[PDB]
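Working notes for the structure below.
Computed from the coordinates by the stated procedures, all read-outs in this text should not be read as laboratory data. Reconstructed Cβ throughout: ideal geometry from the backbone, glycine too, with neighbour counts over all protein chains shown.
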């Protein structure tokens, strides 16, 4: 709704100051910033702009330097006109059009707000002081940026985020096993760099089929709204900007999209990204002599972007050698010769073996132990070397310090994280239950028709038909034929369901059609609550079913899934899974089990597989269980064996009558399975796996965060904030509030709110079951926004209150003073770790003696009550000459107090920031992956902070006058 002449500020670069609308097109608006004279042009969407308006009672300044007194404001044709009294001339009726406001933003001094008759509420003075205190403590939290995410507190994930999220320009390759949290680790790092101010622009490059998955994860899990950029978006933005990608900070797009034109890929590398994220980097095939035409586009990209996140897989049982092609992109100088990397890794292999011997309870030959000595290049290994091997009292500490020293020399573990399911504990066991049902005669006849008509069709598709009797019975008895009346699986299903009504059951089938038919029969014949869950539904629908399914004991008993989506939400309360059918390939099979076989579930998983006798299913049950052991264990051997046996195994599917030769296929498959399993365990880089999951120290970190999650001041603070803002908070009951606006709202529009309301929860476990709700923490944008609205504004800065105390003299003056110590620095410097805006309360007397250390804040405010507007007004002016003399009294004490905070902070800062620089120097002398850039940033940051801290000042933010009465 932009119309020429409106005033706006930049939410980020207010160091640019105020702006003025100077142009408008269909898609864009142009602001002039008179502070510098520069213009910045933005897209209306994502709108990181804040309205600049003033209220009656404010004192404002005109561009000619004179000021005035706000009395009334008109709006016409999208423009505001301020009407009031000119203060320097005492002329009434002066008008100031918003186009003539100054570029300079001044925050009013509360005494001039009190001198001029502005008295705010006494409950808003209370919130303002509480907010600066609460905000201050959370900024300095050691693990900031690791508490707001809607995830389980899994140590191995949290370790990588802490390690990588704190680096400068991080360039890492995430090769975690599938299902371990690559995208979670990715988002945490993103969540971290955005909160610390180190990054503002993020680019995730995703295959188009996965773009929506990433959009919802960053928005619902990490509170990050990415703008999807397609051709349509790209065309309208080329007209609107020099670089189309300057209109949005966070962008998803496809690599196929990225390679369309060269001018497009040039703009991307010139878009000045702080971080880059690339999913499925294994699709990048690279020959030293012949790089693909795609890899050249990334290598052109990877030369223009500081931070680079690579998500990849190392599938088909290959090693980290396949990763060299990508490692080449992070540090092309570090990785410059293939063969040398192979020799090093080959020479490292024996140590992993000997280490694997170590913790298993083995002795290590001296010749063996004299190969580890070459890796760790020192001379005093032996005393530490033998206790770990001699199995003395401290072999645990001799092992842990030995291994620790080994890790600092690993060639990739600093830049490469690959956690396996064997080096990570916490996953639940999976137990099987099989039920053999008699093949009804109606199908026998039904398959012979498909048999005959299956004259000319591949065994690949002939067996795909024999898989699902349901979908040819809808072709020969007409669609919707009542197959649900004689099939014993349904009879077994109900009986099992009606006998376990108090258990949440996950029921997975192939196609959505079968799920919808199943719901009707379970409902209209057993009164069973069953939600259908297919990809065709909207997110709101899937959220709705998760809610119903999450009701502890009053909701849906069953979740009917068809062709399930790929690793969506967590059903931590569900521990039972039923296979109405089994998919063909073993990868999808583990995916079904994947929605439950996750860290953080309630109990172990019980799997029930009712299968029809003598069908393709009966074949797949034994092969999956006896051959691959795919039900109780998760090893991804299935596809290789599935590919190496396909044409033989297929025929037993396309014709389950011929049973001989089968029983030998199974024992042959189990031989391959155990061998492949064995071969993989012996390829384990157990050092990389131990360094990746963070170990025991990480689990300690995980429990510290588990304790910050009981913050009751937050919940109580939040409501206060809200209620003041004027947000109705209906308590639905299950830790969820519905927030709605009001007629008495304080702002035109709040960033997150809609009139239809939003559901919120403060509990991490409820959040994991209801992703449609907001997981409320100290780091959620809602809180920082409302906080900035208050702490930037001057409401709560001036109020009056009376005190009724028999035990004090009449007419005494108490003045509650909230000074604010502040630094002016870009958020990249991270001053808030050591000196965020920190309140300094002071209760001075008529002689300037401070009582605040003795008089707690909350309790004093409790026993206070307000006055009426008129009497209090000039009651202030009775001592207006007195209080001004009271102020300078504190001026001499804050400078003493200020340096106290500053001095302690500079010690704590130089301590941690030098301790990190010393540690990083130790690795650079010992590891080749530490970059020059890394240490320089810390050094520059250490110097700049201590410099910016030597120039910090204080200011009086809030002021409450106290008058004692005995009335």
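Calculate how steeply helix 932-949 sits against the longest principal axis of the alpha-carbon atoms of the chain, using the helix alpha-carbon long axis, and give the answer as 0 to 90 degrees to the nearest 10.
20 degrees
Can you bin region 637-741 into rounded, prolate or oblate? Criterion: square roots of the alpha carbon gyration tensor eigenvalues sorted a ≥ b ≥ c, rounded for a/c under 1.5, prolate for a/b above b/c, oblate for the rest. Could the numbers behind the result be given before it?
Working: a/c = 5.68, a/b = 2.16, b/c = 2.63.
Since a/c reaches 1.5 but b/c is at least a/b, the shape of region 637-741 is classed as oblate.
Using Cα atoms only, what is the angle between the long axis of helix 441-453 and the major principal axis of the chain, expressed in degrees (0 to 90) to the nearest 10?
80 degrees
Using only Cα atoms, locate the centre of region 450-483 and the centre of region 302-328, then give the distance between them in Å, rounded to an integer.
That distance is 44 Å.
If we sort 130-137, 830-837, 400-407 on the protection proxy, mean other Cβ atoms within 10 Å, highest first, what's the order? Intermediate results must be reported in sequence, preceding the final value.
Numbers: 130-137: 18.2, 830-837: 20.2, 400-407: 16.2.
Final packing ranking: 830-837, 130-137, 400-407.
So how much slack lies between residue 271 and residue 670, counting 0.36 nm per residue of separation and subtracting their Cα-Cα distance, in nm? Working shown, then result.
Numbers: separation 399, 0.36 × 399 = 143.64 nm, distance 5.30 nm.
Working it through step by step, the gained length comes to 138.3 nm.
Angle check, please: helix 381-390 long axis (alpha carbons) against the longest principal axis of the chain (alpha carbons), in degrees 0 to 90, nearest 10.
Once rounded, the angle reads 50 degrees.
Quote to one decimal, in nm, the extra length available between residue 236 and residue 141 on full extension: 0.36 nm per residue of separation minus the C-alpha distance between them. Mind showing how you got there, number by number?
Numbers: separation 95, 0.36 × 95 = 34.20 nm, distance 4.32 nm.
Full extension from residue 236 to residue 141 adds 29.9 nm.
Taking the Cα-to-Cβ direction at residue 914 and at residue 95 and moving 7 Å from each Cα, how far apart do the two end points lie in nm?
Reported label-point gap for residue 914 and residue 95 is 6.4 nm.
PRE reach from residue 464 (point 7 Å along Cα→Cβ): which of region 572-606 fall under 13 Å by backbone N?
584-585
Using a ≥ b ≥ c from the Cα gyration tensor of region 410-501 (square roots of the eigenvalues), is it rounded, prolate or oblate, where a/c under 1.5 gives rounded and otherwise the larger of a/b and b/c decides, a/b for prolate?
oblate
Any chance you could run the full-extension gain for residue 499 through residue 923? It's 0.36 nm times the residue separation minus the Cα-Cα distance, nm to one decimal.
In short, 146.5 nm is gained.
At a Förster radius of 51 Å, what calculated FRET efficiency corresponds to the Cβ-Cβ distance of residue 15 and residue 409, to the nearest 0.05?
On the way: r = 44 Å, r/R0 = 0.87.
The formula returns an efficiency of 0.70 here.
So, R0 is 35 Å and r is the distance between the beta-carbons of residue 859 and residue 756; what FRET efficiency does that work out to, to 0.05? Mind showing how you got there, number by number?
Values: r = 41 Å, r/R0 = 1.16.
Between residue 859 and residue 756 the formula returns 0.30.
Can you grab the distance from the C-alpha centre of region 903-967 to the C-alpha centre of region 512-580, Å, no decimals?
Value for the Cα centre distance between the two parts: 52 Å.
Please identify which residues in region 472-495 have an amide N closer than 17 Å to a label point set 7 Å out from the Cα of residue 448, following the Cα→Cβ vector.
Label zone hits: 473, 476-477.
How big is the gap, in Å, between the Cα center of region 139-160 and the Cα center of region 34-106?
Between the Cα centre of region 139-160 and that of region 34-106, the gap is 43 Å.
Suppose each label sits 7 Å from its Cα in the direction of the beta carbon; what would the residue 703-residue 121 distance come out to in nanometres?
4.4 nm
Okay, helix-only estimate at 222 nm for the chain: each DSSP H run of n ≥ 4 adds -39500 (n - 2.57), divide by all residues, round to 500 deg cm²/dmol; what do you get?
Values: 33 runs with 397 residues, N = 967.
After summing the helix terms and dividing by the residues of the chain, the value is -13000 deg cm²/dmol.
For residue 804 and residue 61, what is the calculated FRET efficiency with R₀ set at 45 Å and r taken between the beta-carbons, to the nearest 0.05? Don't skip to the answer; put the middle values down first.
Working: r = 41 Å, r/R0 = 0.90.
The value I calculate is 0.65.
Using a 10 Å cut-off on Cβ atoms, rank the peptides 478-489, 644-655 from the highest mean neighbour count down. Spell out each step's value before the answer.
Values: 478-489: 13.8, 644-655: 16.6.
My ranking of the peptides, most packed first, is 644-655, 478-489.
At residue 899 and residue 882, where each label point lies 7 Å from the Cα along Cα→Cβ, what is the point-to-point distance in nanometres?
3.3 nm
Would you mind calculating the relative contact order of region 1-52 from Cα pairs under 8 angstrom and at least 6 residues apart, reporting the percent as a whole number?
Numbers: 98 pairs, mean separation 17.6, N = 52.
Value for region 1-52: 34 percent.
Students often get this wrong: which residues of region 736-764 have the backbone nitrogen under 18 Å from the point 7 angstrom along Cα-to-C-beta of residue 728?
Within reach of a label on residue 728: 736-747, 749-750, 753-760.
Is the shape of region 712-789 best called rounded, prolate or oblate, per the rule: a/c under 1.5 gives rounded, else a/b larger than b/c gives prolate, else oblate, with a ≥ b ≥ c the square roots of the Cα gyration tensor eigenvalues?
Working: a/c = 1.68, a/b = 1.40, b/c = 1.20.
It comes out prolate by the Cα gyration axes.
Using mean Cβ contacts within 10 Å as the protection proxy, how do 686-697, 801-812 order, highest first? Before the final figure, lay out each step's value.
Working: 686-697: 19.6, 801-812: 11.8.
Averaged packing, sorted descending, gives the order 686-697, 801-812.
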